């Protein structure tokens, strides 16, 4: 399972959509979508979106100065081992909207300034069919 990692040197603005399509492997534990503020390991994360099949939860968080913030959890787990999925992460002036399947799943208010985002990473236990940034 090849991870995705791509630079956003120009940044992301309100009205940016990240579309992720793929499949949860039948033996999956967890996977993640990070919007990061730099290339280096331990860089701050404006958004860490972490569907957790092993603990039946989807955790949202940020990271600054090597420390994770307050966790937010979405309602239920709209993911299943062995099943394909589609996620939109939509940036607005107020935060990130996570859409899974046909419904908004959770809204994550900005903690870091949106202007600090310059990298998108998708990895973990996930088979990626397509990642695109519009």
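Residue numbers count along the first chain shown, from 1.
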- Message: Per the record, averaged over C-alpha atoms, which has the higher B-factor: 1-9 or 124-132?
- Response: 1-9
- Query: 42-50 versus 87-95: which one carries the higher mean Cα B factor per the record?
  - Reply: 42-50
- Per the deposited B-factor column, the C-alpha that peaks among 34, 61, 65, 29 belongs to 65
- Third of the chain, ranked by Cα B-factor, where residue 100 sits: lowest
- Task: Please place residue 19 in the lowest, middle or highest third of its chain by C-alpha B factor as given in the entry.
- Result: lowest
- By the entry's values, the third containing the CA B factor of residue 70 is the highest
